[PDB]
Each structure stands twice: as structure tokens, then as C-alpha cells.
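All remarks here apply to the structure that follows.
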Amino acid sequence: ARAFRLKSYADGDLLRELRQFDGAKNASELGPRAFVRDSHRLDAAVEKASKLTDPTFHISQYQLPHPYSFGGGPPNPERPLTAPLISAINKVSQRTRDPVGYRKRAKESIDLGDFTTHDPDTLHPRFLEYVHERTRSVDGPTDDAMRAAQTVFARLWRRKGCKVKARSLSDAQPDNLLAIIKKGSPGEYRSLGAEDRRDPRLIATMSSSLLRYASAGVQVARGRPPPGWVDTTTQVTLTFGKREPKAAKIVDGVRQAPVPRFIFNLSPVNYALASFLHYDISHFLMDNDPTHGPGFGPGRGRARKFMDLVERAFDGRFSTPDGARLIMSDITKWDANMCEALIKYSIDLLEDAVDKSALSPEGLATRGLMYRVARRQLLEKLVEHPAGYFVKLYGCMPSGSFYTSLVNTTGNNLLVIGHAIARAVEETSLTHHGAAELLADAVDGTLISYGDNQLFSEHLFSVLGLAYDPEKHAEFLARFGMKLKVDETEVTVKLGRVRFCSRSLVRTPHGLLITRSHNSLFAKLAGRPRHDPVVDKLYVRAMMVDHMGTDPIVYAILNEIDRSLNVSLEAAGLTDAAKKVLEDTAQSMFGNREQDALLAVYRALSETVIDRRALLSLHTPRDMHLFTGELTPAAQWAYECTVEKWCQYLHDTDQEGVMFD
């Protein structure tokens, strides 16, 4: 495809120039669920950016003769699991403490549970959240505290033994590339006939798109100019809108169906540039950085960093020993309001961690050009809006980039260390260096973020002689274009309201135990659409694994649903829907969606019954077999726990907060 330039420059002129191109098909699609172009999906967003002095979004002057976008539509109306769910709730609820209150609280989740799918006609209103004012930089004192915070994490990573080195171009040959690549969507190369990132023909294109930087770098070390493409090469991103269970909202008396969350599909060429540069720093933070959420998993010991934080702040008690509180930041539309200012701090910090020091003059120069492009493509993306036309987007962080967890996590962490350095400087006699020194000792074990998901102990602000102010905190993130909902930012001292990534922790007599709200289940089961009754049986069993049989109410409920689906999971076929269920469970429990993990999960779920003892064996730390034989002393306590002793215990220990919300 060769692009053509349009006449105008203003978004309102460019909009009207686009109506003449409407009705075009994707051309890789026949039927009614195909894609058509509709410039009117832009109307709302163009209008919103008229009133902005620096909008995040511009219509691109270059357009293609056919869209690349895919069509689609709504999902199965049928919700075959909520019938057994309400029935089984009725049976189990009787055994709880308040059986009519349990039923009331469940109907809220069950009645508001839906499912979202890719459909460009449902998707375009989501893009309006990404249309706001840009924030290319911040003011004096903010930048001071922010760079002060980068040196907090500079020190943390070195103390946690960062020894990360830049790869050589050796590792860009096809077979060495295969190492750092992971099974994903092949982007705009799905039109040449590909379906994964690990196609042997794609791995070629990726390997070329990395070596091409060598010529340039050689040039740049002869004091010559690099090629022009180093400053221009832009790749096309595609938009999607994810298939996930998402909840309806009852705004003003109507059941507003859920607006699909936004997905990007970065060219595998961008994926290789990111992987080559920042894979080794990601998988270092994953393994050794107490504040790096990503890689978090509910079971098999993959929740170490969540529990460390909590067992440091609670020292065996059900409420903190000091007054010191826990903070759980609710930031609205993180992915849409991730600005340029913060993306810059986060990815620059991540590139520092890499040791360039073993690099040739040509090699240094070459990595320099790779990083220049990667940084640029991180700050300004060429996206095909679900109208079918191309759009310039200046810096957001939607899911589907290699960087989405890496950069959003590093960003939320810099925000709170940055906010706290900025308070310390203005409110006490601490210097910038003075505060950054105290926090580098403090933050090991008192902060953890997984994108917008954030949990930290007030001990952070204590070693500065301050108390956490959710009001001064929202002001700081105001400086970056982020809205901290002070009403929903949970501050507490009660173990039962401490929550990271939807998971709670309940102190049993012999140890801590991970768990999940009852809402989440009842809304996911209420939203699951009709699949082959086998794949739906697998779903219930994937849920059962998710909850690691901690709650005997949840196990009782799920066991009923499971039994009500009278099919045989034995020798079930790897349909595509069944492989989806296995892949997800193998990501949360193993970390890899690899074969020998998919098999471990397949063998586990395709047994005649899944008993609570097995599920509780997910608690006991590992590192194939999903389940083991040994229960932790705390798991074994929960095994001997009935629905009635559970409801008693949570009531006596003031831990009923783990059951709802």
C-alpha cells in the first residue's frame, strides 16, 4: 500500500475530506460482520479536540486507500452460567451468617455482569478518553523531585544487584531473536498471511529491521549523518477493544452496556526494537525489584512481593501495630491519561539501568539510534482509529505494547516517590538528595505497583516525618494530568481491606492466605457467554483454580456449578476456545503460556472432579505439575474449615472485608 496526502491541515477540514472515502471494505473480509469505513466515528473526537489548545490527537494528513481495521460485532446473548450460579448461591447462602444479606449483595454483581467484544461501532467512544490536553513536560520543582525519584530507583536496582548489559547485534540473528520474542498478534503483517509473531518469515523481517541500524550507527561514529529513516520511520498501530468480562453500569436508571477497553497491536517490528533494548531490564525488575508488580500471580509463590509488603506492615496482627496506614491508589483512566512527561521519566530511567559500557564506538552509536526510535514511537503513535482512518496520538499507554506494564509500573512508582520527595523538600528541612537518600532505604518493602494498580505503606511518608495526605497526593498527579479519586483511594489499617490486583489476604491461625472477592466471580460467571458446554465447564474450573479453594463458600458455589455441567472433560479437544482457557490459567499460575505449562493445566482441569485439597495446594510455593501434595500449614487450616467456621473466623478476626469488593 502506498499512501496519499490529503489537502487540508485542520482536523475539521481533514474530517470533511474523509467522507468521500466511506464504505470501503477491509478487502480481507466478506459478509455483514466485515469492516466498513465510517468517518463519523471521528466526529465526537474531532469536536472534543477543537476546544483544546494542545490535543493528544490529530487526524493524519496521510491516509491509505483501504483500511486495515477488522470488523466484528456483539457476543452471544446467552449467559448459560448464571442459572446454575443463582441456584448454587441459594444453597450455599443458607450456611453463611446473613443468608438474605449475602443474597442481596450477590444480585448486584450478577445483574451488572456483561462481556465486551471487538466491534468498531461499540469501540470508537472509548477513544474520547484519550483526547485531552498534552503534558509534554512539568514545571521546575516537579522535574526536580521526579529526577530525584529516578535516583531512588537507580539505587534500589543496584542494591538489588542490577548487572544488566546491552545485548550485542549477535543476538539479533533470527535464532537468537527467537529467545526474547513471545507469542503475540502479528499486527499489520496479518495481511501477508501470518497469525503469530513467531512465524519463521516474520522473524526474518524483525531481524532485518534490527540489523539495518548497524549501517547507521557506523555512520554516526564517523561523524557522518545517519540515514533519514532514523528520524522518520513510523509504524502503524491497529485498534481493537478486548474480549473480556466487563461489568455493566446502571447510570441514571439505565443499564449502560460496557464500553470496550482499548487494545493496540504494535507492529512486530516495534516489538523487536523494544525487546532487543529492554527485555533483560524487564526480566530483571520482574525477578528482583520489590516494587515491580508485573509477573505477579495469585499462586505457586508468585505473590511473594505482595505478601512481603503486608507482613512487614502488619507483623502478625490483623490491624497495623503502629497507626501506619496502607494506601491503594485509584487513578481514573491511567492508560488514557499517561502523558508524555511521565513516559519520558519512566523509559529514560529504564535505559539507564542498561550497562552500555562494554560497547564499541559503532555499537554505542547503534544502540543510541535504536533507543531514539523506540523512545519516539513510545511518545507518538500512528494509530488506525475504528473509523478506518489514520490518526496521530501523542503519548498514551494502552495495552498491547511491550512497554505497557513495564512503563506504566515504573511510572506509578516514580509518581509516589516523586510526590513524597516534593513534599519533604517543601514541608521539612530535607534537601532533594536528603529525601532521596531516606526513601532508597525505605522503599524496599513498602511500595508495589502493577500499572495503575498501586499499594504502599504510610511508612514511606513516615521516614520523612509526614503523614500521607490523599489531597496533596492528588494535586501532585494533577500536575501530570491524572485524576486521583480521593473518595475511592482506600486508606486503612485493616488487613481485610488491603488489596493488590483484586486479591486480598486473610490471616489464618498458621499463616497468610491469598483470596479474591465474591463479586468478581459472580460477575465473570454472569458474563460468560455460551461456548461449547465443555469449554464452559473448563471455564468454571479455571475460576476454581483462580480462587485456590481458600473460600469454602466460593468452592461450594463453584463445585455446584461444575457438577451441574454434566459433560466429560476427558480427552477434550484443543479447540481454540478451550486453548484460551488453558493459556490464561497457565499465565497466572506458571507465568509462561508455554506448551508444558498448557499441558500441566489441561491434565489438571480435565480430571473427573477437582477437590478442594488440590486447589489449596496452589498456595504452597513452587520453583510439570499444576497441583502438588503438600499444603502449607495455613492451607491445611483452611482445608479443615467449613462454611460455618469460615464465616465465624472472618467475623471474629474483623476480616469480613475480603468477601465483597
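By order of appearance in the C-alpha cells: chains A, B, ..., then residues from 1 within every chain, and ligands from 1 in the order shown.
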
(message) Would you pick out the contacts of segment 319-325 of chain A at 6 Å or less, using only C-alpha atoms, so that residues sharing its chain but fewer than 4 positions from it are not included, and give the list as a PyMOL selection string?
(response) chain A and resi 314+457-458+492-495

Atoms kept (N, CA and C atoms) for selection, written as an mmCIF file, in the first residue's frame:
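So the final result, stored in out-v1.cif, reads:
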```cif
data_model
loop_
_atom_site.group_PDB
_atom_site.id
_atom_site.type_symbol
_atom_site.label_atom_id
_atom_site.label_comp_id
_atom_site.auth_asym_id
_atom_site.auth_seq_id
_atom_site.Cartn_x
_atom_site.Cartn_y
_atom_site.Cartn_z
ATOM 1 N N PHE A 314 2.230 -5.427 58.972
ATOM 2 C CA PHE A 314 1.251 -5.943 59.910
ATOM 3 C C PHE A 314 1.854 -6.781 61.031
ATOM 4 N N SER A 457 2.709 1.382 51.914
ATOM 5 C CA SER A 457 2.558 1.667 53.338
ATOM 6 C C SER A 457 2.950 3.109 53.629
ATOM 7 N N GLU A 458 2.196 3.739 54.536
ATOM 8 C CA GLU A 458 2.482 5.084 55.021
ATOM 9 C C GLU A 458 3.882 5.240 55.598
ATOM 10 N N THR A 492 -6.526 2.474 54.817
ATOM 11 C CA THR A 492 -6.968 1.759 56.011
ATOM 12 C C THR A 492 -5.780 1.223 56.767
ATOM 13 N N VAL A 493 -6.122 0.630 57.908
ATOM 14 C CA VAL A 493 -5.230 -0.176 58.720
ATOM 15 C C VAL A 493 -5.722 -1.607 58.869
ATOM 16 N N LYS A 494 -6.837 -1.963 58.240
ATOM 17 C CA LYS A 494 -7.448 -3.266 58.439
ATOM 18 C C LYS A 494 -6.975 -4.235 57.358
ATOM 19 N N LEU A 495 -6.361 -5.358 57.770
ATOM 20 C CA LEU A 495 -5.870 -6.345 56.801
ATOM 21 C C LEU A 495 -6.946 -6.735 55.796
#
```

(request) Just the strand (DSSP E or B) stuff from segment 10-184 of chain A, please, per backbone DSSP, written as a PyMOL selection string. (result) chain A and resi 25+36+55+57-59+62-63+113-116+133+165

Residue selection dump (N, CA, C and O atoms) as a CSV table (one decimal), in the first residue's frame:
```csv
chain,number,residue,atom,x,y,z
A,25,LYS,N,-14.4,-1.5,2.1
A,25,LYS,CA,-14.2,-2.8,2.9
A,25,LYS,C,-12.7,-3.0,3.3
A,25,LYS,O,-11.8,-2.4,2.7
A,36,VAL,N,-16.5,-1.7,7.5
A,36,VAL,CA,-16.7,-0.6,6.5
A,36,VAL,C,-16.0,0.7,7.2
A,36,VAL,O,-15.9,0.8,8.4
A,55,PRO,N,-4.2,19.3,21.7
A,55,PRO,CA,-4.8,18.0,21.8
A,55,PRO,C,-3.8,16.9,21.6
A,55,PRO,O,-2.8,17.1,20.9
A,57,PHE,N,-4.4,14.2,20.0
A,57,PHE,CA,-4.9,13.5,18.9
A,57,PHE,C,-5.0,14.5,17.7
A,57,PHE,O,-5.5,15.6,17.9
A,58,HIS,N,-4.5,14.1,16.5
A,58,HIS,CA,-4.7,14.8,15.3
A,58,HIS,C,-5.0,13.8,14.2
A,58,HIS,O,-4.5,12.7,14.2
A,59,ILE,N,-5.9,14.2,13.3
A,59,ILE,CA,-6.1,13.4,12.1
A,59,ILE,C,-4.8,13.5,11.3
A,59,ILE,O,-4.3,14.6,11.1
A,62,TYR,N,-1.9,11.8,6.0
A,62,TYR,CA,-1.7,10.7,5.1
A,62,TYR,C,-2.7,9.6,5.4
A,62,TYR,O,-3.0,9.4,6.6
A,63,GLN,N,-3.3,9.1,4.4
A,63,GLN,CA,-4.4,8.1,4.5
A,63,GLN,C,-4.1,6.9,3.5
A,63,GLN,O,-3.4,7.2,2.5
A,113,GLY,N,-23.3,-7.9,35.2
A,113,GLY,CA,-22.2,-8.6,34.6
A,113,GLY,C,-22.4,-8.8,33.1
A,113,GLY,O,-23.4,-9.4,32.6
A,114,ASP,N,-21.4,-8.3,32.3
A,114,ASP,CA,-21.5,-8.4,30.9
A,114,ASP,C,-20.2,-8.8,30.3
A,114,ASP,O,-19.3,-9.2,31.0
A,115,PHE,N,-20.0,-8.6,29.0
A,115,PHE,CA,-18.9,-9.1,28.2
A,115,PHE,C,-18.7,-8.1,27.1
A,115,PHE,O,-19.7,-7.7,26.5
A,116,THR,N,-17.5,-7.7,26.8
A,116,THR,CA,-17.2,-6.8,25.7
A,116,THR,C,-16.4,-7.5,24.6
A,116,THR,O,-15.7,-8.5,24.9
A,133,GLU,N,-5.7,17.2,27.0
A,133,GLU,CA,-4.6,18.1,26.8
A,133,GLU,C,-3.3,17.4,27.1
A,133,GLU,O,-3.1,16.5,28.0
A,165,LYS,N,23.3,-5.8,31.0
A,165,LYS,CA,24.2,-5.3,29.9
A,165,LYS,C,23.4,-5.2,28.6
A,165,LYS,O,22.5,-6.0,28.4
```

(message) Just want the 7 Å neighbourhood of segment 633-644 of chain A, counted on only C-alpha atoms, with same-chain residues fewer than 4 positions away dropped. Output as a PyMOL selection string.
(response) chain A and resi 95-96+508+510-513+550+552-553+613+616+619+648

(request) Give me the residues within 10 Å of segment 211-227 of chain A as number ranges by chain, counting only C-alpha atoms and dropping any in the same chain fewer than 3 places off. (result) A: 169-170, 172-173, 206-208, 230-232, 360-370

(message) When you look at segment 339-347 of chain A with a cut-off of 8 Å (counting only C-alpha atoms), what residues show up, excluding the ones that are within fewer than 3 positions of it in the same chain? I need them as a ChimeraX atom specification.
(response) /A:134-138,146-147,150,350-351,375,378-379,394-396,407-408,410-411,414,480-481

(request) Write out as a PyMOL selection string each polymer residue whose atoms come within 8 Å of residue 124 of chain A, counting only C-alpha atoms; drop sequence neighbours fewer than 2 positions from it. (result) chain A and resi 41-42+120-122+126-128+385-387

(request) Choose the residue, out of A:20, A:504, A:28, A:234, that has the smallest atom-to-atom separation from residue 377 of chain A; count only C-alpha atoms. (result)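 Of A:20, A:504, A:28, A:234, the one nearest residue 377 of chain A is A:234, counting only C-alpha atoms.
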
(request) Write out as a list in words each polymer residue whose atoms come within 12 Å of residue 580 of chain A, counting only C-alpha atoms; drop sequence neighbours fewer than 2 positions from it. (result) residues 243, 244, 531, 535, 536, 538, 539, 542, 574, 575, 576, 577, 578, 582, 583, 584, 585, 586, 587, 593, 598, 601 and 602 of chain A

(request) State, in Å with one decimal place, the distance from atom CA of residue 400 of chain A to atom CA of residue 450 of chain A. (result) 15.2 Å

(message) One decimal, in Å: what's the spacing between atom CA of residue 506 of chain A and atom CA of residue 658 of chain A?
(response) 7.3 Å

(request) Enter the distance from atom CA of residue 333 of chain A to atom CA of residue 392 of chain A, in Å, rounded to one decimal. (result)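 Between these atoms lies a distance of 19.5 Å.
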